[PDB]
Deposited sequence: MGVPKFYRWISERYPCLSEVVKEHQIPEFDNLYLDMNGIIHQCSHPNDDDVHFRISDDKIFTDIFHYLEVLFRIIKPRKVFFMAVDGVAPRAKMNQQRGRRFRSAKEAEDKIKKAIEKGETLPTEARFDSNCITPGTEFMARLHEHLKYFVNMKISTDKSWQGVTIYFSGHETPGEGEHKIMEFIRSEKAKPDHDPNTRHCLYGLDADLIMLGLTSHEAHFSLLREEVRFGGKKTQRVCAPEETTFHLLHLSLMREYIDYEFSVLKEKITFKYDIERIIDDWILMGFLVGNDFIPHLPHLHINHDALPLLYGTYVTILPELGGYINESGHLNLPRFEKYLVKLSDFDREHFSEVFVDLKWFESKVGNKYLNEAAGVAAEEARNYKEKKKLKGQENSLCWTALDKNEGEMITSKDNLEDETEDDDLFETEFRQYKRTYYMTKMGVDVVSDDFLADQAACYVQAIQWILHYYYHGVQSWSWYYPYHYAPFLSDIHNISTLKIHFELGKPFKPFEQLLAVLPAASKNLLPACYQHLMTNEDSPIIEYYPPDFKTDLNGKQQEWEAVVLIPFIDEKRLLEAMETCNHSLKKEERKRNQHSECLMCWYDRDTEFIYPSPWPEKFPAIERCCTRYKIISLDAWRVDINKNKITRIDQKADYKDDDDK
């Protein structure tokens, strides 16, 4: 099984995506691995099975196997970068909240079902997959196991001894993807960067593909096992860049500025964002997804000549250009409306606008503001990909995108972001967790989620509608923080310790190093007698570039 964006790409460009056995995998210099997928798979693979239980020792053992096998098979010759999600920008936090609410509700529903058929549950509580959020006790124990694992491998396995290993764990702010991109940019910025560096990124997900392309690195490949643990899906972005080039070649006869594959790829990326539902979803009945891309490509080819240049200029949205592209693309909405208007017969404008109005209600200045926020959202996402986070606090305050036909008068819109700063882990926990998960928090905060008189009780509804789109309130930053103030100094010692940001590690084997690395859990794993790891700690701001 493969993700939708992957397959669609595959099908659009035959000859492109490959399936290859172990021995036919090429040589690679750098391997990037976002761990969150692995942690989920190793901790809760059988969510259908209300009876399934797994102990931490088994989780960690399993996480270890994944790293060992992936490393053994990809054999990165220069760099291995392991990332675990740290605290995310607010813009990502609404989606994180959604998933966590959905997840708790779905597991409680399944439990209730099992009970209704008179089944008897295990007595020990379930693994609450919502514990896979930066700053929880589970993530802290995991973090210690991963560090240990790296030290162990460095100290025992020759194949881990000639490589620079980076570990960016849950205390280092940013989603693992964003962290990987940040490291890729700093590498590109180093004066001797070899443009033929061979990168391998583990995964097939839409955001990974976009990440690999946004890098603009010549040789970038995504990889994943075919059968879920041997053959592997292998996607070469160098070929994909070539397929894209050939597809867009016709513009060489049409545009009066330089056709540049790198610039075309940037606009291709922007169009992929316009149809993505993985950030701001479109209304389900508009069928705006991957299948709409050919229409967006079509419209791009047609209009690019009148534009005078590209739309996504290395992450900077050209607003006049963008407005014209949208205006043209906006026909799509009436095409869809017309299927509905037909049924009504058994003036179009009055009917189309009252079609739109009816959806919005699920004011005139509401349109413009929603329009403006949407454009801001696009710029925010573009920044995230090309430049890194430009606002930790900004978010898109609606559950759905506006109708494209409603995005206009945006060409001189003023888009100013404040960088702000990441939440402390516990602020993050309260901003992403449902009351059903309250046990993941320190005691001193738990009542904010449960108690009828809590000042922010409305952010933790036990029941809510779902369309996935989870219909729950948007947290007001000031109210969340204000409410926590009164509780913060009731935090235990180990808890104040978890409530901190912490740095990325750079690690490598050294012939001239020996010390004792203590087991994170003595009963399950040995201490490292003779640990040969040399480390450099990377300062938090080290790879951040200012616009």
{"item": "Missing CA stretches, deposited numbering from 1, N-terminus first", "value": "1, 231 to 243, 361 to 424, 441 to 447, 553 to 561, 642 to 661"}
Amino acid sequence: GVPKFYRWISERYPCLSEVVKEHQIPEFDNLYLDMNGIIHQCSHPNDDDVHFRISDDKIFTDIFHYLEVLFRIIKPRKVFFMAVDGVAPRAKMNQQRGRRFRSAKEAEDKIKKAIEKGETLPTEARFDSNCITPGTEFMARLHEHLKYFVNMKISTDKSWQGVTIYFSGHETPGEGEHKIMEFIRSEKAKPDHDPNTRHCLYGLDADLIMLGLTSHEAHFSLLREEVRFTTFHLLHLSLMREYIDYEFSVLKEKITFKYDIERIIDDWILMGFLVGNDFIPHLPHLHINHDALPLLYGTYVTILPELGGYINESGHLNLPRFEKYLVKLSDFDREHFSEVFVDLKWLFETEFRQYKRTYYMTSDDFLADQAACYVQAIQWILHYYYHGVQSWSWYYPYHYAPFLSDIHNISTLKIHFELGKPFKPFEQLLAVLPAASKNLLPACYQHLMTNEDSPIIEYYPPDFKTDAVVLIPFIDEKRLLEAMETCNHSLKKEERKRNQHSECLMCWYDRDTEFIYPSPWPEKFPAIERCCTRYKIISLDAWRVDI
From here on, numbers count along this sequence of modelled residues.
| query | finding |
| --- | --- |
| Mean temperature factor over C-alpha atoms, higher-scoring stretch between 446 to 454 and 329 to 337 | 329 to 337 |
| 371 to 379 versus 348 to 356 - greater average Cα B-factor per the deposited record | 348 to 356 |
| Residue with maximal Cα B-factor (values as given in the PDB entry) among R141, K117, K78, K92 | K117 |
| Candidate set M152, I415, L274, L251 [ranked by C-alpha B-factor, highest] | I415 |
| Chain thirds of CA B-factor: placement of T197 | lowest |
| Chain third (lowest, middle, highest) by recorded CA B-factor, residue given as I528 | middle |
| Modelled-residue ranking by C-alpha temperature factor, third containing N499 | lowest |
| Third assignment of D364 from its chain's C-alpha B-factors | highest |
| B-factor third for the C-alpha atom of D57 within its chain | middle |
